[PDB]
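For reference, the structure is listed below as structure tokens.
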Amino acid sequence: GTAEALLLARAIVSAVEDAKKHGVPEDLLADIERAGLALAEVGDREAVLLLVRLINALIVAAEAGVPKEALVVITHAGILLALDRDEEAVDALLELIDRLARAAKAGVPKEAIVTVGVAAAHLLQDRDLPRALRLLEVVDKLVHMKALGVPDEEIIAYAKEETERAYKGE
Amino acid sequence: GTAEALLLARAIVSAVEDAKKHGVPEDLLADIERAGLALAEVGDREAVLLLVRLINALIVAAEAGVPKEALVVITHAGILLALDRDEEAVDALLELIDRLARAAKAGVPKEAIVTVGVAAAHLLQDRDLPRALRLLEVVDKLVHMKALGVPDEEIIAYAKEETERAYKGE
Amino acid sequence: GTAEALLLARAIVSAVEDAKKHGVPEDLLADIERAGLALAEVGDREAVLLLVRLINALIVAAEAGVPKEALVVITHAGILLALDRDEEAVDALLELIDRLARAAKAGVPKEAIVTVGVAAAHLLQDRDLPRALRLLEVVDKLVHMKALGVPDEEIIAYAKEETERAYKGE
Amino acid sequence: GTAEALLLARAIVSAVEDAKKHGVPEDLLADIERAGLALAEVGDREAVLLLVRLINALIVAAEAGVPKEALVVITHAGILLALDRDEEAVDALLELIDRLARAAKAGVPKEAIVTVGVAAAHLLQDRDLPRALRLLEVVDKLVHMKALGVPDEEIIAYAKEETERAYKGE
Amino acid sequence: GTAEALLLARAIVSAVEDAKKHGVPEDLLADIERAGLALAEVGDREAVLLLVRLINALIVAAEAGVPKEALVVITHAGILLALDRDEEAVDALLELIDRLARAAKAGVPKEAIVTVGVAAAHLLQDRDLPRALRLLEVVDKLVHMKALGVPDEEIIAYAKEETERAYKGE
Amino acid sequence: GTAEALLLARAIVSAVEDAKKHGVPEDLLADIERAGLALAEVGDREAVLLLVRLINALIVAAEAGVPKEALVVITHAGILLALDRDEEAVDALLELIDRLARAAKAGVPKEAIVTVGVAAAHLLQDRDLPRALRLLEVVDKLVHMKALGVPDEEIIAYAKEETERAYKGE
Amino acid sequence: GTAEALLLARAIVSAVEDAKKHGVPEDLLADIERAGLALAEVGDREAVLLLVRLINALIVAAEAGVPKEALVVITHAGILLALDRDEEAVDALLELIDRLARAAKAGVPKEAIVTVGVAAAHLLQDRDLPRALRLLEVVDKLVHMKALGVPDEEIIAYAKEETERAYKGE
Amino acid sequence: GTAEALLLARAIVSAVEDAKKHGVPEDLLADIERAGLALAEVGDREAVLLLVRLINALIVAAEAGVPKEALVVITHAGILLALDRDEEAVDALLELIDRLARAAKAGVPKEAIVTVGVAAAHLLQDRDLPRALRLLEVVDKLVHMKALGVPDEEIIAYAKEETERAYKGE
Amino acid sequence: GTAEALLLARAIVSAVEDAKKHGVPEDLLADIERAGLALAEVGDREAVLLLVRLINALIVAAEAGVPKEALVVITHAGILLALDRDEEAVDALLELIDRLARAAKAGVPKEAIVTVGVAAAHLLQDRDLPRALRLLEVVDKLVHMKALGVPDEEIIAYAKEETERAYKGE
Amino acid sequence: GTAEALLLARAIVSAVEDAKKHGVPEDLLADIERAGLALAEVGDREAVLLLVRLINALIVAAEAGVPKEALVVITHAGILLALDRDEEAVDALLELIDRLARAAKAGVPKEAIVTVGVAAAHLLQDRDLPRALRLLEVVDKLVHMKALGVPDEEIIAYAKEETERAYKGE
Amino acid sequence: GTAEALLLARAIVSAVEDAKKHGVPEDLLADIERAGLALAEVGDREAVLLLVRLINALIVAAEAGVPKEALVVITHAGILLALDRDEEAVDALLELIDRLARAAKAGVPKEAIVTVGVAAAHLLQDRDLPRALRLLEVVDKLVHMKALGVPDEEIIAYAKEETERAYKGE
Ligand SMILES: [Zn+2]
Ligand SMILES: [Zn+2]
Ligand SMILES: [Zn+2]
Ligand SMILES: [Zn+2]
Ligand SMILES: [Zn+2]
Ligand SMILES: [Zn+2]
Ligand SMILES: [Zn+2]
Ligand SMILES: [Zn+2]
Ligand SMILES: [Zn+2]
Ligand SMILES: [Zn+2]
Ligand SMILES: [Zn+2]
Ligand SMILES: [Zn+2]
Ligand SMILES: [Zn+2]
Ligand SMILES: [Zn+2]
Ligand SMILES: [Zn+2]
Ligand SMILES: [Zn+2]
Ligand SMILES: [Zn+2]
Ligand SMILES: [Zn+2]
């Protein structure tokens, strides 16, 4: 069904153009668009619409102000998870993006956000769900600390310790 | 199988005669007929049926009232794409022809139709699908703008801007 | 595989002989047999079985009493569609044959049947599926008006109006 | 792949030899074997396994005692349906063979079995599924009438009437 | 190898004698036999096979009742096409002979058959395939018109109009 | 390469000697051997292989008990068809030989076999495939009728009627 | 994709070598290996993995001590069913192998196991599922009788009567 | 769809490079990469993603410190089960890897881990789920004994007896 | 291209020398070498590689211990089948050689191997594939009977009866 | 079919003229045109359309501003891969051209683009897909680093290190 | 077409010059170049491109450090297999080359590599795929044994035993 392939390609291109209008970085969009058109040529519906979900999540994150390194790691992990047709891991990634957007809007320092976001996106890309959930809890704790008035240095230190604990396996 | 070659040649000739009875311009039919007979000589079925599809799309476009320049560019691109046995590119071309036919029937100015149709047909001929899809979105936008009551000058200006945006690469 | 080509040729010949025993007109069978033997020479299976399906549908239509003009147009269209290996268009044509057979058995006037059947078969030959579907709706409506007791003159008038609307593009 | 063709040929030959050991008449087996070897030469798997299914159904029918006329008609229809790779029609044919075998075992008179079986096999050969299903219902009714104690003359009359009704189209 | 030349000569002579027994006119067979023996002296296998095909087609045409003027023109065109080893044009010629035989058996008036047959044979002789295919379509239309009950005079007039259209180039 | 010519000649001579040891009549083998050596002198591989296939089919037919007149007609037709390198017509002839061998083994009367076989072989020699396929169906029907217990006189009458229908063109 | 074919071939060869190390008879593995390599040459995944399933089942049966006659019949039936891509019939065969292995380990007499296993494997080869299921119930019943202390002679007699009942059709 | 094949190949290569960065032994990665590229050439999505799952599980096991012998056996079993597209067996394999990783991190002696892991991976490779589940229970029992303070010698002995019981079939 | 002829000649000579080093009898190699060089002179690729396949199969058979008489018959049949470029019959012959090698290695008596092998090679030589496949089944049955412990006299008797049945045509 | 050869030649010439109008360097077009005409002479469709794809990719790359050395290496590799009829390798090459075009548009230093592009094109020419995919990942990483604000010297150093690792084999 | 012959000759020469620059020994390149030019004279595309694949595999093996004796045997076998146009056997040979390259890079002793590689290449030359696949399993086992720390003497002994088993046929 080539008409369905054309419909999926048009969906991907329209989502990419809307995201570009919203202010999403163009390199991430180029990666997602290449993967999406490749998947639309073979009529893979679920993967293409998971990519569209990732694009909308990136729109949210880019509006919030999430740093670019975390966005690059998240985009790569999301492309691989959309290739999986893994809806659960994709939902976990979208929840991570939402938490990082809240953290960035709340004024959490950029270094802590980059640390925890990169670690959690890598853990999600490696199909390691419990550790990713622990890092999600760490992000929520950081947001609450920022709202409580804890200084930035202590927040960065706490993020570093919790991330190194997640990496070490303790 | 020379009988199969004769069958394909008769299919091409019947399609061209029907298109002539419908009012399709004769030079485009001459191009398609020469290419189709050459392909039928070697028993190339898929290319021949792609050419028959292009003939039927030309019937639709000529009935609508699409300008001749766009039809010439479309015919050349369609012959080249039927040579490649490119079903997806041919389907995109047929979708473009349908959109241009709707735009012509709706009263969109001839200058805008020529601009967007020629640009999109050239992009499809160069195997550039994302930019062609963006131009298809431009055609849809022109049709809706005409239905909304936007004056012809603004429609021409918008078509020129978007077409130059796609051509330049922005 | 010449044995497979012989098998397909025998399938075509058996179908044609059974159709002749059933009362299908011989000229339509001659066209189908020539096309089918040409396609069997090159071992084109799908096209040959599509032609066999057309033969069986013609058996049904001839038993019902569908007029010869519509049958000729349908046979030519079906041969051309079997050449394309277009299963969807062939199925739409067979559904059209069935609706025309029901209309003939129900006593719908011959003029209305010829008008709508010729128009729909031509549209199916030209790859115009939405308009063909609208004309199929017209056939069903005519059958219902005949069952309701509407006089023949009104049925002919309604068929003429709807067919002219389909041709004109309204 | 000539090894696959050899495997398919061996499957057909083994099935034919087993059916011959079971008591299936040899002319039907010769027809099926010729068709099967022709299809195995071109590596047509699905058709070959449909022919093997038909051979097993003929084993069942020959063990039950189905008359030879219905078996000849069924074998020809089944070969042609296996050529189409029509799994639905082949399943309807096998279901018909099963009903005829049950009718023969139940003592339904030979004339009724021949009448209904020949009519239903011809209808299945012509891709007329609803009428074939009505005739299958007729076979079931005949079996129940035989089990109820209705004399053979009334069973024959009922079978003749229902078969004439199906053929006439009423 | 002169043994192969003798084999080819015996093939030609056997075909000519069989055609004589079937009722093919003797002057046409004289032309074909002279051409065939000349081509057999130099061991031209393909040309001699094409000539034997032409002889068999003449058997069919003379059995049907095709007029003699068309037969003379067809024979000359067939000899000159066999000289070229033109399998496609020879196949087109044989298809024309078959269509004219169907027309002659169907009762189409002799004048229409002569007009269209002479025109199509001359066009095939001049290597004009598209116009010859248009004239083949005209022959098919004549046969269907005769089957529909159209009077002889109208058939003659329509054949004249279509043939003059083809000759004039319209 | 005359070494290849010697190889082909030795192939022909070995096939002829094996067929002679199998009981094939000698005049047919003389005809085939002369044609085969003439074709091997000029290094015609495909024609020689077709002749070897004809020899092997004659082995089968002579073992079954096919009458001699049919064998003579079949041998002449096969030599002429092998000269044309006609794989499809040669395959049809081998299928006819197989069906006649089955009929002869099944006890079909000699007159019926001679009638249908001579007619079908002549039709295959004249490149008339549809009527030849109809006569193959007739042979199959004769075998089934003999298996069903139909008397010899009725079988002869039916074969006469169907063959005269084939000759007459009905 | 010849790399996939090499992967499938290596899968078959590895399974065969493992089974040989486990003590499966070598002739059965020879049949399975020939079939598997033939199917891997054409990249038939499902058939190859069904053959691997059969190999593992044979490993289980050989470890249990199932007699060789039943194993040969089962291997031939399984090769033919893996050719079918018949997952349901293969599952029934594997469950039969499991029941026969349990019966062999439980001390059921060899004669009864051979009788019921050969009968059920033949019924599964003939695509007769209800009778095969009845024989599977017979195997389970025999295992329970052996565990209950019934003497071997009574077990053999009961198996003989139940198998004869299944074969006869009662 | 060669773009999808390129996407799958890039996914496999990215997973292999990440695993190499994590410390997985290179020979196992070479095996998995070769199999994955072979399966991506034919566009087998599910198998490729099962291989990626195996790679991530190997990352976990290598980080924990599972001995190399069990890892080699597990890699071979995982490649073969991914060729199966057997999601359930792959899930059982991954659960086995997780249990062995926990055992290694808990200080269970290397010999016991090697014994039970090799046995369970072989049983999974032979599609024997219940025995593999029993061996999984054995691994959990060993972890609990190590946490309870049982010395190494009795842990090794218990693993040996339980594995011997699983292999023997008791 | 005589360089290609030289390449083919060197391929034949290398294969023959390797076969001589493996222990294949020299006279069979002389026949194959003469045929191969003659076919290489005329640049016949497919026939030469078919002969190389035959040489390798002879290596396998001579290693196993197949009797010499069957080897002579097989070599002559293979040369004449390679002349025909018959890949299916050559594959059947190679499958027969493999089965005979298995029978010879398993200890099947020499008389049985000679009887069945000579009969099947002669049947393959005469283009009789169904009977050859039945004889292949006979060879497999002999191997299984030898593995089951049946005495040599019974194996010889069974082979004699089945081969006599194959010759007689039953 | 010389008409098909002319059609392919006109396709190549039209593509080359369009590429000149777009600004592609003339020497690369001269190489591609010579290769394409040589392939069109022998009627090699797939190779010619692969060359047309390479021309279009060159249009994209030349518009972006890709350095000429990488373009020369890519053109030579693409010509040899179109000779291969290797759709997968050609698609990998086109993906590499797209990534290099994105890198050139993003401002990545010319030295890094030349280094990585030349290495990856050479690896693709030598049929080393995994290392080419690693280098594609390197190109993506360079683009992201340029978008992040990393200085040009660091980008050049990183590209040199990664390319040296790929070439060395680490 | 001699232009295509020139294109193929240039492809062979370019591949040989690149391989020479990579460090492949010159005598193997001389053999491949002579064979490739001879095949290019006759326009044999598939064989020439199989030879180019063999050259690239030789590049990989020579870079790894595979001994020269194995390389000579592999080159001769590959030239012969490319003459056959045997894509499956060529792919098995290339995968063997890759496994030997991995073994050489991993430090496996030269004696083991030479033994197993020469045996497997000879088996692939003789079209013995199952035994070649067994030896490929042996190569993988050697690589894993080297990675596990087994001393060189035991690796050599195990390789010798497995190769002797394969040669003997056990
Ligand atoms: Zn938006
Ligand atoms: Zn029209
Ligand atoms: Zn819209
Ligand atoms: Zn009918
Ligand atoms: Zn309705
Ligand atoms: Zn049975
Ligand atoms: Zn005649
Ligand atoms: Zn007509
Ligand atoms: Zn013989
Ligand atoms: Zn029959
Ligand atoms: Zn095992
Ligand atoms: Zn990782
Ligand atoms: Zn050897
Ligand atoms: Zn067996
Ligand atoms: Zn352009
Ligand atoms: Zn990226
Ligand atoms: Zn290189
Ligand atoms: Zn391994």
Side-chain angles (χ1 to χ4, degrees), chain C residues 10 14 17, chain D residues 12-13 15-37 51 54-80 93 97 100-101 104 110-111 113-115 117-119 121-122 125, chain F residues 60-61 63-67 70 95-117 120 133-163, chain I residues 130-131 168-170:
Chain C
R10 295 211 331 268
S14 266
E17 283 300 294
Chain D
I12 282 286
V13 169
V16 161
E17 283 301 294
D18 185 48
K20 211 166 307 193
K21 259 166 262 151
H22 274 297
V24 179
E26 307 65 338
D27 29 314
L28 314 178
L29 292 177
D31 291 3
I32 300 165
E33 187 176 18
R34 288 292 285 193
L37 296 168
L51 286 172
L54 174 73
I55 289 177
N56 297 328
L58 278 186
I59 284 161
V60 172
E63 282 171 353
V66 171
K68 174 79 136 289
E69 310 92 291
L71 288 183
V72 170
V73 178
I74 279 155
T75 297
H76 287 162
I79 290 163
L80 283 181
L93 195 56
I97 295 163
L100 294 179
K110 182 230 154 223
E111 316 73 44
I113 298 175
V114 168
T115 309
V118 165
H122 191 48
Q125 174 144 222
Chain F
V60 153
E63 282 169 353
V66 173
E95 180 80 15
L96 162 73
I97 295 163
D98 182 71
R99 304 268 258 249
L100 293 177
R102 280 161 44 179
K105 267 150 19 193
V108 177
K110 177 187 166 303
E111 289 65 42
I113 300 176
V114 166
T115 307
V116 192
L133 298 181
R134 279 137 163 117
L135 284 189
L136 254 50
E137 288 154 17
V138 171
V139 186
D140 200 49
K141 175 101 218 93
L142 292 175
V143 178
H144 289 305
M145 272 162 45
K146 189 66 212 333
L148 194 83
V150 176
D152 290 333
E153 313 86 289
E154 276 66 345
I155 292 160
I156 287 148
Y158 169 88
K160 223 143 288 294
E161 296 184 47
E162 305 292 305
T163 305
Chain I
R131 295 200 267 157
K168 205 188 39 201
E170 156 177 359

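A note on names: the letters A, B, ... follow the listed sequences, proteins ahead of strands, and every chain is numbered from 1.
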How about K146(F) and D152(F): do any of their side-chain heavy atoms sit closer than 4.5 Å?
yes
salt_bridge(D140(F), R102(F)) N-O dist < 4.0 Å
yes
Does a salt bridge link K21(D) with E17(D), judged by any charged N lying under 4.0 Å from a carboxylate O?
no
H76(D) and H122(D): aromatic ring centres closer than 6.0 Å?
no
Which pair of heavy atoms, one from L96(F) and one from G117(F), lies closest together, and at what distance?
CD2-O, 4.2 Å
Close side-chain approach of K105(F) and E26(D), heavy atoms under 4.5 Å:
no
If you define the side chain from C-beta out and look only at heavy atoms, does anything of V150(F) sit under 4.5 Å from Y158(F)?
no
For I55(D) and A19(D), which heavy atoms make the closest approach, and how far apart are they?
CG2-CB, 3.7 Å
Could I get the full list of salt bridge (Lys or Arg N to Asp or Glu O under 4.0 Å) partners for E170(I), not counting sequence neighbours?
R165(I), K168(I)
Would you call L93(D) and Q125(D) a side-chain contact if the rule is heavy atoms closer than 4.5 Å?
no
Nearest atoms (heavy-atom pairs only) where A121(D) meets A77(D):
O-CB, 4.0 Å
Distance-only check: which donor-acceptor pairs under 3.5 Å involve side-chain atoms of residues 57-74 of chain D, not counting sequence neighbours?
residue : atom : partner : partner atom : Å
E63(D)  : OE2  : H22(D)  : ND1          : 3.2
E69(D)  : OE2  : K110(D) : NZ           : 3.0

Chi angles and distances behind the side-chain contact (heavy atoms from CB on, under 4.5 Å) call for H144(F), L28(D):
CA-CA 9 Å; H144(F) 289 305; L28(D) 314 178; 4.0 Å; yes
As an exercise, state the distance from NZ of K160(F) to CD of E111(F), rounded to the nearest 0.5 Å.
7.5 Å
Can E137(F) and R10(C) be counted as an ion pair, charged N to O under 4.0 angstrom?
no
Of all heavy-atom pairs linking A120(F) and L135(F), the shortest is N-CD1, 3.6 Å
As an exercise, state the distance from CG of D31(D) to CD of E33(D), rounded to the nearest 0.5 Å.
10.5 Å
Minimum-distance pair of heavy atoms, taken over all atoms of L51(D) and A35(D):
CD1-C, 4.1 Å
Is there a side-chain contact between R34(D) and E95(F), using heavy atoms and a 4.5 Å cut-off?
yes
Mind listing the closest non-hydrogen atom pair of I113(F) and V108(F) along with its distance?
CD1-O, 3.5 Å
